[PDB]
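Below you'll find the structure, written out as structure tokens, and then a few comments.
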Amino acid sequence: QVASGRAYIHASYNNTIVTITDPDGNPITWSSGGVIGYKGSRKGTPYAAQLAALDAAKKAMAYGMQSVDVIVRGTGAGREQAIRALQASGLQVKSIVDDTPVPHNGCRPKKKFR
Amino acid sequence: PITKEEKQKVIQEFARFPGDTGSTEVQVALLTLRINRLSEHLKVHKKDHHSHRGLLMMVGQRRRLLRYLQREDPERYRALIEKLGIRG
Amino acid sequence: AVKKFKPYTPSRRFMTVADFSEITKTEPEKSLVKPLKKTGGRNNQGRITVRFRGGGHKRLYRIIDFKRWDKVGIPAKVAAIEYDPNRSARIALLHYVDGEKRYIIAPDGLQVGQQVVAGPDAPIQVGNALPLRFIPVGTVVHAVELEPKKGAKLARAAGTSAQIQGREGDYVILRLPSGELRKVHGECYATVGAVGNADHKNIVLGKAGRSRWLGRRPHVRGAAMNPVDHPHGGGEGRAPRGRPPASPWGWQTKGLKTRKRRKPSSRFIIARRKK
Amino acid sequence: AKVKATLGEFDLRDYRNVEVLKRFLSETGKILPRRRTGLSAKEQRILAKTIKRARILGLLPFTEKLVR
Amino acid sequence: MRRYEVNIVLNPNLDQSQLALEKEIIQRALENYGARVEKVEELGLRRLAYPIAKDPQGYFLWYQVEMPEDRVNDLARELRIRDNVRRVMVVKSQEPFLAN
RNA sequence: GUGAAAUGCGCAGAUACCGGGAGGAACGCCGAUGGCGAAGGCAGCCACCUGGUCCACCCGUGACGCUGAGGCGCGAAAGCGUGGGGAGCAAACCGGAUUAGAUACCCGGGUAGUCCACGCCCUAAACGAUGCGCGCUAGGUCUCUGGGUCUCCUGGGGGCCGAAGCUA
Ligand SMILES: [Mg+2]
Ligand SMILES: [Mg+2]
Ligand SMILES: [Mg+2]
Ligand SMILES: [Mg+2]
Ligand SMILES: [Mg+2]
Ligand SMILES: [Mg+2]
Ligand SMILES: [Mg+2]
Ligand SMILES: [Mg+2]
Ligand SMILES: [Mg+2]
Ligand SMILES: [Mg+2]
Ligand SMILES: [Mg+2]
Ligand SMILES: [Mg+2]
Ligand SMILES: [Mg+2]
Ligand SMILES: [Mg+2]
Ligand SMILES: [Mg+2]
Ligand SMILES: [Mg+2]
Ligand SMILES: [Mg+2]
Ligand SMILES: [Mg+2]
Ligand SMILES: [Mg+2]
Ligand SMILES: [Mg+2]
Ligand SMILES: [Mg+2]
Ligand SMILES: [Mg+2]
Ligand SMILES: [Mg+2]
Ligand SMILES: [Mg+2]
Ligand SMILES: [Mg+2]
Ligand SMILES: [Mg+2]
Ligand SMILES: [Mg+2]
Ligand SMILES: [Mg+2]
Ligand SMILES: [Mg+2]
Ligand SMILES: [Mg+2]
Ligand SMILES: [Mg+2]
Ligand SMILES: [Mg+2]
Ligand SMILES: [Mg+2]
Ligand SMILES: [Mg+2]
Ligand SMILES: [Mg+2]
Ligand SMILES: [Mg+2]
Ligand SMILES: [Mg+2]
Ligand SMILES: [Mg+2]
Ligand SMILES: [Mg+2]
Ligand SMILES: [Mg+2]
Ligand SMILES: [Mg+2]
Ligand SMILES: [Mg+2]
Ligand SMILES: [Mg+2]
Ligand SMILES: [Mg+2]
Ligand SMILES: [Mg+2]
Ligand SMILES: [Mg+2]
Ligand SMILES: [Mg+2]
Ligand SMILES: [Mg+2]
Ligand SMILES: [Mg+2]
Ligand SMILES: [Mg+2]
Ligand SMILES: [Mg+2]
Ligand SMILES: [Mg+2]
Ligand SMILES: [Mg+2]
Ligand SMILES: [Mg+2]
Ligand SMILES: [Mg+2]
Ligand SMILES: [Mg+2]
Ligand SMILES: [Mg+2]
Ligand SMILES: [Mg+2]
Ligand SMILES: [Mg+2]
Ligand SMILES: [Mg+2]
Ligand SMILES: [Mg+2]
Ligand SMILES: [Mg+2]
Ligand SMILES: [Mg+2]
Ligand SMILES: [Mg+2]
Ligand SMILES: [Mg+2]
Ligand SMILES: [Mg+2]
Ligand SMILES: [Mg+2]
Ligand SMILES: [Mg+2]
Ligand SMILES: [Mg+2]
Ligand SMILES: [Mg+2]
Ligand SMILES: [Mg+2]
Ligand SMILES: [Mg+2]
Ligand SMILES: [Mg+2]
Ligand SMILES: [Mg+2]
Ligand SMILES: [Mg+2]
């Protein structure tokens, strides 16, 4: 159990998954739109991301979590909404950084991205 | 590359009077160096095709001068390609 | 290169020969050969125990140095590079400044006339030997000892090599020519570079008789025998296998793994071969 | 808010001048455009060619996290 | 014969004895390939833009030199050979190009 | 993952996250209505080798020029040969869907191939659908790169708009 830690917000088009981690980076609890209850495309919505970030903080707070830095990855829908959700949870939000991985022209993308 | 002096040494070696630059004889000689040094560059770098184009242009230029100079003075030509070792 | 032949006999059409380009001395160091007793595949009971061998050209064994730590620091000139009938790779004649002469597998790169040396403090150039621990990671390397002071055992065939992949404590990690990832001891010597004659794979024997020159007597199919003879033997006409395909001794021969389950060297093999 | 102005004499080919250069990267490290640097065409190229060289030596980043 | 700027980054956690030793191997090496040192700016430690060899700091060297053209490349390889040299960059030297 | 799904992956512990490692491919920002090349085409960074090209000086040669049937060379992609390499992608092919059906479009898989070396093939909306050179016939503005006395003028490129004029 720890006081402070991290929040990782995976924001795709089809979903938002959120995992809360320890100081060093190892997971305490996580959630996604599926976990909070939606299947299919509804998981991709900002509401879904909301519930999921909320349930995420809640679940973390039960192990003592109070302070969290927030890493946001992925140009998704429930991206920004998931952020609101985190602040309003009764968790500190010590900082907010976007760390979306992006190629310096790496691998060839699937056809769908060309 | 070609050293600036090496250019000169040839420039001088082939010049018609101690003022001479850019005469038939000199151009020919000068070219003959740019050719031969490239000919070699290509012997190694076989896949360098563009630079072959250059060589191809260079050779052609030299052929032109030779045809002219041969029209104007047989013995002067006969001598020049002798001195550069050429008609093969 | 590799040498082709105009197709003046039907065999000559395809047959290729080695180019022998890198070879510079055509007689072996008299003081370094010893005669090899041909076996014809038969053991001391007299019994054939490896099939279809015999009748190859005569050979002299060239004594090769697979140790090298033998003479640390004593440097040496590369006198000649010669053919060796007993290996795919070529051998290099070393004149040590000492005056001792020895033969090593010629690495690809070795130019006759150059100098080489073995020891922890050897320069990392082609032909030198050092403990693996003192070999820079990523460098490709041949003739590798598998345990210390025990003699080069790994990558000795024409064109083979290994790659150091990182160290871990006492051991270092190689990609053996086969792709396997194995931990070898750091104190094991290896020679920098890869084995020469790397074109050896592209030789086309061309005719039965060449296979014969090489000591390889004709090989007969299980399919072509009788049932007393082989799992695959018999059937009226041609036949498929009619069972899982097997060696003469009955064991399955497609896919069946065969390494000892509980071998101690298992502890040191990281990643079995690929492909 | 033109960067070219904000600095006096500066060599463009000084790939070590970590102090000057770093002013030309976004807060995420991306090399800045002329609409922000104020370079002309030619200048711009020399700058870019050397920033990169820096990043190779270890003095300038290739990328940096966006912070809010 | 031309003017170049050999940069080199070494292991940060070397004692001044080790560090010096590498500097010797280097300095011999330049001499061995027939470098002729002109300027020489040893700039020591410096925090890096990114962890090279998983290590935030870096010990910097810099040598302007006049060496033969052909040999320059081989030098660089030979420079990099050590488990301790962590970058080598060898640049053809040019006249500063200034703004303002 | 999609329009929504399903196939697929996942309690045999997947996703999401942290650290180490392996490997191959392409080089984000800069980047442009940009630059280079005869064309095909060429993009991280370094060095070596090497071609074309522009300017300025107006020093040399003295019509040595232009073109070019044949010849010769280069010639994207796909494809072939020999041998490497194979992460991502992906013909073929498997499966899920959509649909009346769906040998497609969408989704999950997937082998050549895509990458290297060497050798072939010699094609194209290989397009400016515009052959090369030279002379002459308003300007206006944008731009890249030289030279000047640096307002601006003078060369060489890349655009736009327009005199005259051509044009169905
Ligand atoms: Mg979804
Ligand atoms: Mg020309
Ligand atoms: Mg002629
Ligand atoms: Mg050969
Ligand atoms: Mg032949
Ligand atoms: Mg033949
Ligand atoms: Mg013949
Ligand atoms: Mg015949
Ligand atoms: Mg025949
Ligand atoms: Mg042979
Ligand atoms: Mg040979
Ligand atoms: Mg004999
Ligand atoms: Mg004897
Ligand atoms: Mg014997
Ligand atoms: Mg006996
Ligand atoms: Mg007996
Ligand atoms: Mg017998
Ligand atoms: Mg047998
Ligand atoms: Mg036998
Ligand atoms: Mg041999
Ligand atoms: Mg083969
Ligand atoms: Mg074969
Ligand atoms: Mg034999
Ligand atoms: Mg056989
Ligand atoms: Mg048979
Ligand atoms: Mg059969
Ligand atoms: Mg049969
Ligand atoms: Mg029979
Ligand atoms: Mg029986
Ligand atoms: Mg019997
Ligand atoms: Mg039987
Ligand atoms: Mg049978
Ligand atoms: Mg039968
Ligand atoms: Mg039969
Ligand atoms: Mg049968
Ligand atoms: Mg039958
Ligand atoms: Mg029958
Ligand atoms: Mg039969
Ligand atoms: Mg049967
Ligand atoms: Mg069968
Ligand atoms: Mg059967
Ligand atoms: Mg063992
Ligand atoms: Mg290194
Ligand atoms: Mg369980
Ligand atoms: Mg990871
Ligand atoms: Mg353009
Ligand atoms: Mg152009
Ligand atoms: Mg004049
Ligand atoms: Mg033609
Ligand atoms: Mg082609
Ligand atoms: Mg192709
Ligand atoms: Mg193909
Ligand atoms: Mg085919
Ligand atoms: Mg192929
Ligand atoms: Mg075939
Ligand atoms: Mg293949
Ligand atoms: Mg189907
Ligand atoms: Mg169906
Ligand atoms: Mg289908
Ligand atoms: Mg597909
Ligand atoms: Mg796929
Ligand atoms: Mg094939
Ligand atoms: Mg044609
Ligand atoms: Mg076009
Ligand atoms: Mg055009
Ligand atoms: Mg038409
Ligand atoms: Mg046409
Ligand atoms: Mg034409
Ligand atoms: Mg016309
Ligand atoms: Mg201008
Ligand atoms: Mg100007
Ligand atoms: Mg213009
Ligand atoms: Mg117009
Ligand atoms: Mg009009
Ligand atoms: Mg018309």
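By DSSP, the beta bridges lying fully in chain A are antiparallel in about 50 percent of cases. State the antiparallel share, in %, of DSSP beta bridges confined to the protein assembly as shown, rounding to the nearest 5. Of the beta bridges lying entirely in the protein assembly as shown, close to 85 percent run antiparallel.
Scaled to the globular estimate 2.2 N^0.38 Å, the Cα spread of the range C:17-107, given as radius of gyration, is 1.30. Would you work out which of C:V117, C:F52, D:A41 lies farthest towards the positive end of the dipole of the protein assembly as shown? Charges go on Cβ: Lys and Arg +1, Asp and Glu -1. The listed residue farthest towards the positive side: C:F52. Set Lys and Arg Cβ to +1 and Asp and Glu Cβ to -1, take the dipole of the range B:16-88 about its Cα centre, and tell me which of B:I86, B:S51, B:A29 lies farthest positive. Projecting each Cα onto the dipole axis, the largest value belongs to B:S51.
The reciprocal of the average 1/r between distinct C-alpha atoms defines the Kirkwood hydrodynamic radius, which for the range C:156-243 equals 17.6 Å.
Note on chain D: GNM, Cα springs under 10 Å; of D:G38, D:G29, D:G58, the largest mean-square fluctuation is that of D:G58. Magnitude of the charge dipole for the range A:4-114, about its Cα centre and with charges confined to Cβ atoms of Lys, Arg (+1) and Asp, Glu (-1), is about 720 debye. Taking other C-beta atoms within 10 angstrom as a stand-in for reagent exposure, B:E6, D:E27 fall in the order D:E27, B:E6, fewest first.
The dipole here belongs to the protein assembly as shown: it is taken about the Cα centre, uses +1 on the Cβ of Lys and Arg and -1 on the Cβ of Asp and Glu, and is about 4240 debye. Only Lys, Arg, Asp and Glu carry charge here, each on its Cβ (+1 for the first two, -1 for the last two); on that basis chain B has a dipole of about 440 debye about its Cα centre. Here the residues B:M57, C:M225, ranked from fewest to most Cβ neighbours within 10 Å of their Cβ, fall in the order B:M57, C:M225.
Taking the average, over residues, of other Cβ atoms within 10 Å as the packing measure, peptides C:78-90, E:62-74, C:164-176 rank C:78-90, C:164-176, E:62-74 from highest down.
For the range E:41-80, just say rounded, prolate or oblate: build the C-alpha gyration tensor, square-root its eigenvalues into a ≥ b ≥ c, call rounded for a/c under 1.5, and beyond that prolate if a/b exceeds b/c, oblate if not. Taking the square roots of the gyration eigenvalues as a ≥ b ≥ c, the range E:41-80 is oblate. Restricting the calculation to Cα atoms, chain D yields a radius of gyration followed by a Dmax of 11.4, 34 Å. Legend: ranking of residues C:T24, B:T32 from fewest to most surrounding C-beta atoms inside 10 Å; resulting order C:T24, B:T32. For chain B, the Cα gyration tensor yields ellipsoid semi-axes of 24, 16, 10 Å (square root of five times each eigenvalue, largest first, whole Å).
Largest GNM mean-square fluctuation across C:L181, C:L93, C:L32, computed for chain C with C-alpha springs under 10 Å, falls on C:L32.
Please express the shape of the range E:56-98 as an equivalent ellipsoid: the semi-axes are the square roots of 5 times the eigenvalues of the C-alpha gyration tensor, given largest first in whole angstrom.
Working: eigenvalues 88, 60, 10 Å².
Semi-axes (√(5λ), whole Å): 21, 17, 7.
For the range C:1-156, dividing the convex hull volume of the Cα atoms by the residue count gives 171 Å³ per residue.
Evaluating kT/(6 pi eta Rh) at 10 °C and 1.306 mPa s, with the Kirkwood radius of chain C over Cα pairs in the Stokes-Einstein relation, gives 74 µm² s⁻¹.
Since only C:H142, C:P7, C:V78 are under comparison, the one whose Cα sits farthest along the positive direction of the charge dipole of the protein assembly as shown, derived from C-beta charges on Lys, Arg, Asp and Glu, is C:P7.
Taking all Cα pairs closer than 8 Å and separated by 6 or more residues, the relative contact order of the range C:4-155 comes to 17 percent. For q values of 0.19, 0.22, 0.27 Å⁻¹, compute log₁₀ I(q)/I(0) with the Debye formula on a Cα-only model of the range C:87-137, without solvent. Values, matching the q order: -0.69, -0.90, -1.16. Report, as a whole number in µm² per second, the diffusion coefficient that Stokes-Einstein gives for chain E at 37 °C and 0.692 mPa s using the Kirkwood radius over alpha carbon pairs. So the translational diffusion coefficient is about 232 µm²/s.
Over all other residues within a Cβ to Cβ distance under 10 Å of C:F52, the charged ones net out to +4, with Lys and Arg as +1 and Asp and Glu as -1.
Across the range C:183-275, the mean sequence separation of Cα contacts (distance under 8 Å, 6 or more residues apart), normalised by length, yields a relative contact order of 18 percent. For the residues of E:47-55, the average number of beta carbons from a partner chain within 10 Å of their own beta carbon is 4.
Separation of the range C:194-253 and the range E:24-100, taken as the distance between their Cα centroids, equals 59 angstrom.
The share of Cα pairs per 5 Å bin across the range C:81-234, counted from zero up to the longest distance, runs 2, 9, 15, 17, 15, 11, 9, 7, 6, 4, 3, 1, 0, 0 percent.
Across chain A, the relative contact order, built from alpha-carbon pairs under 8 Å that are at least six residues apart, equals 28 percent. Computed from the C-alpha gyration tensor, the three semi-axes of the ellipsoid equivalent to the protein assembly as shown are 54, 49, 29 Å, from longest to shortest. Across peptide D:52-65, the average count of Cβ atoms from other chains found within 10 Å of a residue's Cβ is 5. Take each residue in D:7-15, count the other chain C-beta atoms within 10 Å of its C-beta, and the mean is 4.
In this structure the amide hydrogen of A:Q66, modeled in the peptide plane, comes within under 5 Å of the amide hydrogens of A:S4, none closer than 5 places in sequence on its chain. For E:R71 and C:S178, the FRET efficiency from 1/(1 + (r/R0)^6), where r spans their Cβ atoms and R0 equals 45 Å, is about 0.70. Phi angles of the range E:91-96 translate, via the Karplus equation with coefficients 6.51, -1.76, 1.60 and θ = phi - 60°, into HN-Hα couplings of 10, 5, 7, 9, 4, x Hz per residue; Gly and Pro are given as x. In plain terms, the C-alpha convex hull of chain A casts an average shadow of 7.5 nm² when viewed from every direction.
P(r) tail for the range A:48-114: Cα pairs beyond 13 Å make up 69% of the total.
No value in this document is a laboratory result; all are computed from the given coordinates. We place every Cβ from the backbone using ideal geometry, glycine too, and count neighbours over all the protein chains shown.
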